Amino acid sequence: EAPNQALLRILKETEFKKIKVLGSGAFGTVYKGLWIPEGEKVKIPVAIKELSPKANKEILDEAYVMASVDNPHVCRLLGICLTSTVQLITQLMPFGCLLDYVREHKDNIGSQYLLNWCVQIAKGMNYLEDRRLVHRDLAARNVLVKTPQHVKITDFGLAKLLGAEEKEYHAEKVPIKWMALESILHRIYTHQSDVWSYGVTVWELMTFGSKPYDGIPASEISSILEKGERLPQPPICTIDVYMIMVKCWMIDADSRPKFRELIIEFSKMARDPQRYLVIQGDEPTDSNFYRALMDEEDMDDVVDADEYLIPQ
Ligand SMILES: *CCC(=O)Nc1cc(Nc2ncc(C(=O)OC(C)C)c(-c3cn(C)c4ccccc34)n2)c(OC)cc1N(C)CCN(C)C
């Protein structure tokens, strides 16, 4: 489409420090860290990722994808550090992923927060659809929590930018339980295939972190969805909400709702949240807070990445 004039920033290894490991899985290792631009008098909480020539190619692909997106509900890239293994510096989300958050605070999450998260996730995905970007890994684990009122979409290791005349992406290890049926059978990925993963993501939030298709091997899932079986209706979900999930899981990809329409539907429900989610008993940004998770004492000059918009 248009020329991608995004600026790729290079960060010095001495400007930032690692603090603790947040996760060490197949992707690599994600660190909690602090970035201090030299001479800026600013401390920025960051997340650092590192995955050989093949490792440097994949993370530079992720840096290329993240540098092309800038949206309040999409994690922003801060830059890369050119070590032997090039590292990915992103904005740190202090409260973690939404999957662990709904499990830890299951008895304290109201209907207003669940519906608000659905609106924000759809806003981020609709922006990615505007950017011709297919995420291919939309899940509750990849929706991180900046604040309980603000979430962002993350993990672009599988994200693929589309050509202007490219309607679908043809793939050649994936999360089977979140993929659309056409993605499992024909390796076809589309913005409508992300709507399917969006439906599973909402199902994770409404079940407060239940594993979809729990106890079922991923090999048998292709035959389950093909027979017409879907995820069950969560107990707190009214039919208004569960109908939206079923629409995201329809066989016809074009029949599924668009992220633009999902923003509207969940926004209407957010006006009257107790009418669409039935939860019993439906009724923190400080300098001290950052001192704990960053394990630092002097946090007067802390600035979140959303408030740091600095050309180098
Ligand atoms: C769902 C598990 C999880 O997210 N764990 C987690 C995450 C975070 N916050 C955070 N912030 C930024 C990033 C990130 O974008 O990393 C870039 C790619 C460098 C991440 C993150 C992204 N991926 C792919 C991860 C994998 C494993 C771990 C983190 C990431 N995450 C925090 O903030 C403190 C904590 C946290 N866990 C450890 C919290 C444990 N809960 C049980 C409370």
# chains A, B, ... in the order shown; residues from 1 in each chain; ligands from 1
>>> select_by_dssp(residues="segment 24-199 of chain A", states="helix (DSSP H, G or I)", output="JSON, numbers by chain")
{"A": [53, 54, 55, 56, 57, 58, 59, 60, 61, 62, 63, 64, 65, 66, 67, 98, 99, 100, 101, 102, 103, 104, 106, 107, 108, 111, 112, 113, 114, 115, 116, 117, 118, 119, 120, 121, 122, 123, 124, 125, 126, 127, 128, 129, 130, 140, 141, 142, 176, 177, 178, 181, 182, 183, 184, 185, 186, 191, 192, 193, 194, 195, 196, 197, 198, 199]}
>>> residues_around(residues="segment 142-155 of chain A", least_positions_apart="4", cutoff="6 Å", atoms="only C-alpha atoms", output="list in words")
residues 73, 74, 75, 93, 94, 95, 96, 97 and 98 of chain A
>>> write_last_selection(atoms="N, CA and C atoms", output="tab-separated table (two decimals), in the first residue's frame")
chain	number	residue	atom	x	y	z
A	73	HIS	N	-4.45	0.62	22.07
A	73	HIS	CA	-4.75	-0.74	22.50
A	73	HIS	C	-3.86	-1.77	21.80
A	74	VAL	N	-2.69	-1.35	21.33
A	74	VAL	CA	-1.68	-2.24	20.77
A	74	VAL	C	-0.36	-1.90	21.42
A	75	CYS	N	0.36	-2.92	21.88
A	75	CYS	CA	1.66	-2.70	22.51
A	75	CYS	C	2.60	-2.00	21.54
A	93	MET	N	4.03	-3.98	30.49
A	93	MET	CA	2.67	-4.00	31.01
A	93	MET	C	2.71	-4.52	32.44
A	94	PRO	N	2.51	-3.67	33.45
A	94	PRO	CA	2.86	-4.08	34.82
A	94	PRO	C	2.01	-5.20	35.38
A	95	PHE	N	0.74	-5.31	34.97
A	95	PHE	CA	-0.17	-6.28	35.57
A	95	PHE	C	-0.21	-7.61	34.83
A	96	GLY	N	0.61	-7.79	33.80
A	96	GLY	CA	0.68	-9.07	33.13
A	96	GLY	C	-0.42	-9.28	32.11
A	97	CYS	N	-0.53	-10.53	31.67
A	97	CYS	CA	-1.54	-10.89	30.68
A	97	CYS	C	-2.91	-10.99	31.33
A	98	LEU	N	-3.94	-10.84	30.50
A	98	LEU	CA	-5.31	-10.90	30.99
A	98	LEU	C	-5.71	-12.31	31.41
>>> closest_atom_pairs(of="chain A", to="ligand 1", cutoff="9 Å", atoms="only C-alpha atoms and all ligand atoms", output="JSON lines")
{"residue": "A:21", "atom": "CA", "partner": "ligand 1", "partner_atom_place_in_ligand_line": "38 (C)", "distance": 7.6}
{"residue": "A:22", "atom": "CA", "partner": "ligand 1", "partner_atom_place_in_ligand_line": "38 (C)", "distance": 4.2}
{"residue": "A:23", "atom": "CA", "partner": "ligand 1", "partner_atom_place_in_ligand_line": "27 (C)", "distance": 3.7}
{"residue": "A:24", "atom": "CA", "partner": "ligand 1", "partner_atom_place_in_ligand_line": "27 (C)", "distance": 6.5}
{"residue": "A:25", "atom": "CA", "partner": "ligand 1", "partner_atom_place_in_ligand_line": "27 (C)", "distance": 7.1}
{"residue": "A:27", "atom": "CA", "partner": "ligand 1", "partner_atom_place_in_ligand_line": "24 (C)", "distance": 7.1}
{"residue": "A:28", "atom": "CA", "partner": "ligand 1", "partner_atom_place_in_ligand_line": "26 (C)", "distance": 8.1}
{"residue": "A:29", "atom": "CA", "partner": "ligand 1", "partner_atom_place_in_ligand_line": "27 (C)", "distance": 7.0}
{"residue": "A:30", "atom": "CA", "partner": "ligand 1", "partner_atom_place_in_ligand_line": "29 (C)", "distance": 5.3}
{"residue": "A:31", "atom": "CA", "partner": "ligand 1", "partner_atom_place_in_ligand_line": "19 (C)", "distance": 6.8}
{"residue": "A:32", "atom": "CA", "partner": "ligand 1", "partner_atom_place_in_ligand_line": "34 (C)", "distance": 6.6}
{"residue": "A:46", "atom": "CA", "partner": "ligand 1", "partner_atom_place_in_ligand_line": "12 (C)", "distance": 7.2}
{"residue": "A:47", "atom": "CA", "partner": "ligand 1", "partner_atom_place_in_ligand_line": "19 (C)", "distance": 4.2}
{"residue": "A:48", "atom": "CA", "partner": "ligand 1", "partner_atom_place_in_ligand_line": "19 (C)", "distance": 4.0}
{"residue": "A:49", "atom": "CA", "partner": "ligand 1", "partner_atom_place_in_ligand_line": "19 (C)", "distance": 4.1}
{"residue": "A:50", "atom": "CA", "partner": "ligand 1", "partner_atom_place_in_ligand_line": "19 (C)", "distance": 7.8}
{"residue": "A:62", "atom": "CA", "partner": "ligand 1", "partner_atom_place_in_ligand_line": "18 (C)", "distance": 8.6}
{"residue": "A:75", "atom": "CA", "partner": "ligand 1", "partner_atom_place_in_ligand_line": "15 (O)", "distance": 6.7}
{"residue": "A:76", "atom": "CA", "partner": "ligand 1", "partner_atom_place_in_ligand_line": "15 (O)", "distance": 8.4}
{"residue": "A:77", "atom": "CA", "partner": "ligand 1", "partner_atom_place_in_ligand_line": "17 (C)", "distance": 8.4}
{"residue": "A:87", "atom": "CA", "partner": "ligand 1", "partner_atom_place_in_ligand_line": "19 (C)", "distance": 8.1}
{"residue": "A:88", "atom": "CA", "partner": "ligand 1", "partner_atom_place_in_ligand_line": "19 (C)", "distance": 5.5}
{"residue": "A:89", "atom": "CA", "partner": "ligand 1", "partner_atom_place_in_ligand_line": "19 (C)", "distance": 5.5}
{"residue": "A:90", "atom": "CA", "partner": "ligand 1", "partner_atom_place_in_ligand_line": "19 (C)", "distance": 5.2}
{"residue": "A:91", "atom": "CA", "partner": "ligand 1", "partner_atom_place_in_ligand_line": "12 (C)", "distance": 6.0}
{"residue": "A:92", "atom": "CA", "partner": "ligand 1", "partner_atom_place_in_ligand_line": "11 (N)", "distance": 4.1}
{"residue": "A:93", "atom": "CA", "partner": "ligand 1", "partner_atom_place_in_ligand_line": "11 (N)", "distance": 3.9}
{"residue": "A:94", "atom": "CA", "partner": "ligand 1", "partner_atom_place_in_ligand_line": "33 (O)", "distance": 4.2}
{"residue": "A:95", "atom": "CA", "partner": "ligand 1", "partner_atom_place_in_ligand_line": "33 (O)", "distance": 5.2}
{"residue": "A:96", "atom": "CA", "partner": "ligand 1", "partner_atom_place_in_ligand_line": "8 (C)", "distance": 3.3}
{"residue": "A:97", "atom": "CA", "partner": "ligand 1", "partner_atom_place_in_ligand_line": "4 (O)", "distance": 3.8}
{"residue": "A:98", "atom": "CA", "partner": "ligand 1", "partner_atom_place_in_ligand_line": "1 (C)", "distance": 6.7}
{"residue": "A:99", "atom": "CA", "partner": "ligand 1", "partner_atom_place_in_ligand_line": "1 (C)", "distance": 5.8}
{"residue": "A:100", "atom": "CA", "partner": "ligand 1", "partner_atom_place_in_ligand_line": "42 (C)", "distance": 5.2}
{"residue": "A:101", "atom": "CA", "partner": "ligand 1", "partner_atom_place_in_ligand_line": "43 (C)", "distance": 6.7}
{"residue": "A:103", "atom": "CA", "partner": "ligand 1", "partner_atom_place_in_ligand_line": "42 (C)", "distance": 8.6}
{"residue": "A:104", "atom": "CA", "partner": "ligand 1", "partner_atom_place_in_ligand_line": "42 (C)", "distance": 7.4}
{"residue": "A:140", "atom": "CA", "partner": "ligand 1", "partner_atom_place_in_ligand_line": "1 (C)", "distance": 7.3}
{"residue": "A:141", "atom": "CA", "partner": "ligand 1", "partner_atom_place_in_ligand_line": "1 (C)", "distance": 3.9}
{"residue": "A:142", "atom": "CA", "partner": "ligand 1", "partner_atom_place_in_ligand_line": "1 (C)", "distance": 6.1}
{"residue": "A:143", "atom": "CA", "partner": "ligand 1", "partner_atom_place_in_ligand_line": "1 (C)", "distance": 7.6}
{"residue": "A:144", "atom": "CA", "partner": "ligand 1", "partner_atom_place_in_ligand_line": "4 (O)", "distance": 6.0}
{"residue": "A:145", "atom": "CA", "partner": "ligand 1", "partner_atom_place_in_ligand_line": "9 (N)", "distance": 7.3}
{"residue": "A:146", "atom": "CA", "partner": "ligand 1", "partner_atom_place_in_ligand_line": "9 (N)", "distance": 8.2}
{"residue": "A:153", "atom": "CA", "partner": "ligand 1", "partner_atom_place_in_ligand_line": "15 (O)", "distance": 8.7}
{"residue": "A:154", "atom": "CA", "partner": "ligand 1", "partner_atom_place_in_ligand_line": "15 (O)", "distance": 5.6}
{"residue": "A:155", "atom": "CA", "partner": "ligand 1", "partner_atom_place_in_ligand_line": "24 (C)", "distance": 5.1}
{"residue": "A:156", "atom": "CA", "partner": "ligand 1", "partner_atom_place_in_ligand_line": "18 (C)", "distance": 7.9}
{"residue": "A:157", "atom": "CA", "partner": "ligand 1", "partner_atom_place_in_ligand_line": "24 (C)", "distance": 8.3}
{"residue": "A:293", "atom": "CA", "partner": "ligand 1", "partner_atom_place_in_ligand_line": "34 (C)", "distance": 6.9}
{"residue": "A:294", "atom": "CA", "partner": "ligand 1", "partner_atom_place_in_ligand_line": "34 (C)", "distance": 9.0}
>>> residues_around(residues="segment 298-300 of chain A", least_positions_apart="4", cutoff="9 Å", atoms="only C-alpha atoms", output="VMD selection string")
chain A and resid 42 to 43 287 to 288 290 to 291
>>> select_by_dssp(residues="segment 10-102 of chain A", states="strand (DSSP E or B)", output="PyMOL selection string")
chain A and resi 10+16-24+29-35+43-50+74+77-81+87-91+97
>>> residues_around(residues="residue 185 of chain A", least_positions_apart="2", cutoff="12 Å", atoms="only C-alpha atoms", output="PyMOL selection string")
chain A and resi 170-172+176+179-183+187-189+219+221-223+225-226+251
>>> decode(residues="segment 78-101 of chain A", atoms="N, CA, C and O atoms", output="short mmCIF file (atom, residue, chain, number, x, y, z; two decimals), in the first residue's frame")
data_model
loop_
_atom_site.label_atom_id
_atom_site.label_comp_id
_atom_site.auth_asym_id
_atom_site.auth_seq_id
_atom_site.Cartn_x
_atom_site.Cartn_y
_atom_site.Cartn_z
N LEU A 78 9.56 -0.01 21.44
CA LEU A 78 10.49 1.05 21.81
C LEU A 78 11.78 1.02 21.01
O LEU A 78 12.37 2.08 20.77
N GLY A 79 12.22 -0.15 20.58
CA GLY A 79 13.42 -0.26 19.78
C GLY A 79 14.05 -1.63 19.93
O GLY A 79 13.47 -2.54 20.52
N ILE A 80 15.25 -1.75 19.38
CA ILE A 80 16.02 -2.98 19.44
C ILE A 80 17.44 -2.65 19.87
O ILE A 80 17.96 -1.56 19.63
N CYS A 81 18.08 -3.62 20.53
CA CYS A 81 19.47 -3.51 20.94
C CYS A 81 20.30 -4.49 20.11
O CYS A 81 20.00 -5.68 20.08
N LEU A 82 21.33 -3.97 19.46
CA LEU A 82 22.10 -4.76 18.49
C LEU A 82 23.26 -5.48 19.17
O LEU A 82 24.44 -5.17 18.98
N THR A 83 22.90 -6.46 19.99
CA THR A 83 23.87 -7.39 20.55
C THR A 83 24.06 -8.57 19.60
O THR A 83 23.53 -8.58 18.49
N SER A 84 24.83 -9.56 20.04
CA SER A 84 24.97 -10.79 19.26
C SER A 84 23.60 -11.41 18.98
O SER A 84 23.29 -11.78 17.85
N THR A 85 22.77 -11.51 20.02
CA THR A 85 21.36 -11.82 19.88
C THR A 85 20.60 -10.50 20.05
O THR A 85 20.53 -9.97 21.16
N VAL A 86 20.07 -9.97 18.95
CA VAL A 86 19.37 -8.70 19.00
C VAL A 86 18.13 -8.83 19.87
O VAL A 86 17.40 -9.83 19.80
N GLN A 87 17.90 -7.84 20.72
CA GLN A 87 16.83 -7.88 21.71
C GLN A 87 15.70 -6.94 21.31
O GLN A 87 15.90 -5.95 20.60
N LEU A 88 14.49 -7.26 21.78
CA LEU A 88 13.29 -6.50 21.49
C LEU A 88 12.86 -5.75 22.74
O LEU A 88 12.53 -6.37 23.75
N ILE A 89 12.87 -4.42 22.67
CA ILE A 89 12.47 -3.57 23.79
C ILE A 89 11.07 -3.04 23.51
O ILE A 89 10.86 -2.31 22.53
N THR A 90 10.12 -3.38 24.38
CA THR A 90 8.75 -2.92 24.26
C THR A 90 8.32 -2.28 25.57
O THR A 90 9.03 -2.31 26.58
N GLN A 91 7.12 -1.69 25.54
CA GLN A 91 6.52 -1.13 26.74
C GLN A 91 6.17 -2.25 27.72
O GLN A 91 5.61 -3.28 27.33
N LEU A 92 6.50 -2.04 28.99
CA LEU A 92 6.20 -3.02 30.01
C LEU A 92 4.76 -2.87 30.49
O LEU A 92 4.33 -1.77 30.86
N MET A 93 4.03 -3.98 30.49
CA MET A 93 2.67 -4.00 31.01
C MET A 93 2.71 -4.52 32.44
O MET A 93 2.94 -5.72 32.64
N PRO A 94 2.51 -3.67 33.45
CA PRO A 94 2.86 -4.08 34.82
C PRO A 94 2.01 -5.20 35.38
O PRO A 94 2.50 -5.99 36.19
N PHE A 95 0.74 -5.31 34.97
CA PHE A 95 -0.17 -6.28 35.57
C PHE A 95 -0.21 -7.61 34.83
O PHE A 95 -0.99 -8.49 35.21
N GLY A 96 0.61 -7.79 33.80
CA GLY A 96 0.68 -9.07 33.13
C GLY A 96 -0.42 -9.28 32.11
O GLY A 96 -1.16 -8.37 31.74
N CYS A 97 -0.53 -10.53 31.67
CA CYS A 97 -1.54 -10.89 30.68
C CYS A 97 -2.91 -10.99 31.33
O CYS A 97 -3.05 -11.21 32.54
N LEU A 98 -3.94 -10.84 30.50
CA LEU A 98 -5.31 -10.90 30.99
C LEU A 98 -5.71 -12.31 31.41
O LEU A 98 -6.64 -12.46 32.20
N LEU A 99 -5.03 -13.33 30.90
CA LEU A 99 -5.37 -14.71 31.26
C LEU A 99 -5.05 -14.99 32.72
O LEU A 99 -5.88 -15.54 33.45
N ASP A 100 -3.85 -14.61 33.17
CA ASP A 100 -3.52 -14.78 34.58
C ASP A 100 -4.27 -13.79 35.46
O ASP A 100 -4.54 -14.08 36.63
N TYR A 101 -4.63 -12.63 34.91
CA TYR A 101 -5.31 -11.61 35.70
C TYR A 101 -6.72 -12.04 36.07
O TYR A 101 -7.16 -11.84 37.20
#
